[PDB]
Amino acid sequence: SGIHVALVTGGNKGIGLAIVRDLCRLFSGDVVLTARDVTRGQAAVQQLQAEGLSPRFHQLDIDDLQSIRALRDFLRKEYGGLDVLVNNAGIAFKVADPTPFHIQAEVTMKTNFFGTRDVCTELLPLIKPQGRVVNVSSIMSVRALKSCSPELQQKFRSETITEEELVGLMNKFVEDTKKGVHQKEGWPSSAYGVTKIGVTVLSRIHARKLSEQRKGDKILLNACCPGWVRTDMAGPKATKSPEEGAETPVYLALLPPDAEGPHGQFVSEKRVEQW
């Protein structure tokens, strides 16, 4: 059939850029680097061109629904869909940030959970058979899960939870921080960690829906942690290079055709972790 296409969100720097670079070399088709800032995105494309690579570019800010929709329309028009989607874009307040916690919660949740969700709402319908979806979560999601109340752990581990139930819970965390009741209500103290619970559970729900609604289509969807990577997020003391951080996401993006799994798993260092 037609030309295959892979796309990475937050592709202008850090792990996203390393993922783009690797897909340029390893993905059999076009690779679209996306970035919210057009200047930074184009600069990244130029960087890869100087390395001998040929990524395409399209603007994308996962917090602007019009930007997501424009990208959706582009993919439909130019490719008739999408083969690989890497939801890499994410943010985190610094450990030392004095920003009031409730603002940290609202802002981090807005991008990491709601932005990622919005991208999936518009782009999952475009995924072609044998496609792969990779959601970059964090081992912090596993850590944060342990600090939730037993009641919340049960909900987050549920095999029957719906996307709309999860949306309610994520917004509940944010609202609870605003009311000064998040601890009493069973939430952990890491806003970032809770947003990544959101990403992990969203992955589990979307994998279920793919298996239930698109049987036979051979689509695999997983959450992952890239490990601790030297980027503008984690800082210079981290143990992995962006190259090393890209290995697990690229692995999940390029699972060979007809492969049975992993599917709906949380993967770290190419290995399935218990949720």
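Residue numbers here begin at 1 and follow the sequence given. Whichever C-alpha set is largest while still superposing within 1.5 Å between the two forms counts as the rigid core.
**Q** Core-aligned, which moves more in 5 other deposited structures of this protein: 161 to 169 or 95 to 103, by CA RMS?
**A** Output: 95 to 103, the stretch lying farther off on average in 5 other deposited structures of this protein.
**Q** Can you tell me which stretch has the higher mean Cα B-factor, 143 to 151 or 82 to 90?
**A** Comparing averages over the C-alpha atoms only gives 143 to 151.
**Q** Give the stretch, out of 91 to 99 and 129 to 137, with the larger mean C-alpha temperature factor in the deposited entry.
**A** According to the PDB entry, the answer is 91 to 99.
**Q** So if I compare the CA B-factors in the entry for 204, 182, 117, 196, which one is the largest?
**A** Reading the PDB entry, the winner on C-alpha B-factor is 182.
**Q** C-alpha B factor of residue 36, ranked within the chain: lowest, middle or highest third?
**A** As the PDB entry reports it, the C-alpha B-factor of residue 36 lands in the lowest third of its chain.
**Q** Taking only the Cα B-factors deposited for this chain, tell me whether residue 19 sits in the lowest, middle or highest third.
**A** It belongs to the lowest third of the chain when residues are ordered by C-alpha B-factor.
**Q** Ranking the modelled residues of this chain by C-alpha B-factor as given in the entry, is residue 11 in the lowest, middle or highest third?
**A** According to the entry, residue 11 has a C-alpha B-factor in the chain's lowest third.
**Q** Grab the CA temperature factor for residue 122 from the record and place it in the lowest, middle or highest third of its chain.
**A** Tercile = middle for this residue's CA B-factor.
**Q** Could you say whether, by C-alpha temperature factor, residue 189 belongs to the lowest, middle or highest third of its chain?
**A** It falls in the top third of the chain.
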